[PDB]
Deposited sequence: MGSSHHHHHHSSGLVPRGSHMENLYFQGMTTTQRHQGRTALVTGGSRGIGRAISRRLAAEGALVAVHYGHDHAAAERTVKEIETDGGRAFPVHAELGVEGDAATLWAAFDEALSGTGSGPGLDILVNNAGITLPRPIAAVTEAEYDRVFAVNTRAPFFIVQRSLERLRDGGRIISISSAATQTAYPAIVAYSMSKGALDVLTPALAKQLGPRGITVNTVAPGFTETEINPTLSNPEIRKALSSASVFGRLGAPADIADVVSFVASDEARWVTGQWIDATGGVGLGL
């Protein structure tokens, strides 16, 4: 395709799972990809190596999210790492993908667990986007990775759903504000998606059967929607919540 030819992307949690698929798709389409991660240096190196092997350009960016100064640390590492590539500052495509699950229903959730899922899932994207506005170019793309669970009730993950619900609400407000500069802002909401990290054949069967297609999502199913949203082909789609669940919750 090369529909991201000459563009700079940042993918938060780009090292594994959906983030890795997004990182690899954007790079395969000609983007220079900042592969961000908080913990696993090795995973981040393999993902960059995979991209470089396939003929694309990527570099790691280390910043732990959900801690004091996380957003500032991420953009400092990005600016440094990016500068060290001999590219100019700023970016075209921001994907807030990094997130953590909290599989506890309301009676189980502690303050510590609640505070951590909001800090990573909601607070970090909010301040990451805030500082991106210093760097984000005209005709740019902001894409938040949310969850189908904001629109289909899942009591077992309620605090996680709420953290993604707050994130969903950032999209329309920013689409409106950034429209005059040709920037689009959109949410892509995955369903049950099979990553490198669904061992129970029984859970696998129940989650598969939730899709009208009778399968789990793959990272690639999400990355193919994100790549479209990030492209010029989606210039007329803004402020939206794009279901990437294989028809979960239809009937």
*Point out each run of deposited residues with no C-alpha coordinates, keeping the order of the sequence.*
1-31, 229-231, 286
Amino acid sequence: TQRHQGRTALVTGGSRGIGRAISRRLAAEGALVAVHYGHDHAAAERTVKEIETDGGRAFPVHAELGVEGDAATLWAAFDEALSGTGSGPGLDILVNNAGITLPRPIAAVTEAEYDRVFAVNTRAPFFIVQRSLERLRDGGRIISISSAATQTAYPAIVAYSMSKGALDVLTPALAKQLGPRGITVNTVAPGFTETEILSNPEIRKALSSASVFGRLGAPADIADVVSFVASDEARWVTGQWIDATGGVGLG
From here on, numbers count along this sequence of modelled residues.
_Mean C-alpha B-factor comparison - 62-70 and 182-190, higher one_ = 62-70
*Check the entry's C-alpha temperature factors for 76-84 and 89-97, then say which stretch has the higher mean.*
76-84
*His36 CA temperature factor, ranked by third within the chain*: middle
*Pull the Cα B-factor of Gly17 out of the PDB entry and bin it into the chain's lowest, middle or highest third.*
highest
*Lowest, middle or highest third: where is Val212 by Cα B-factor in its chain?*
middle
*According to the PDB entry, is the CA B factor of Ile197 in the bottom, middle or top third of its chain, that is, lowest, middle or highest?*
highest
*Relative to the other modelled residues of the same chain, rank the CA B-factor of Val225 and answer lowest, middle or highest third.*
lowest
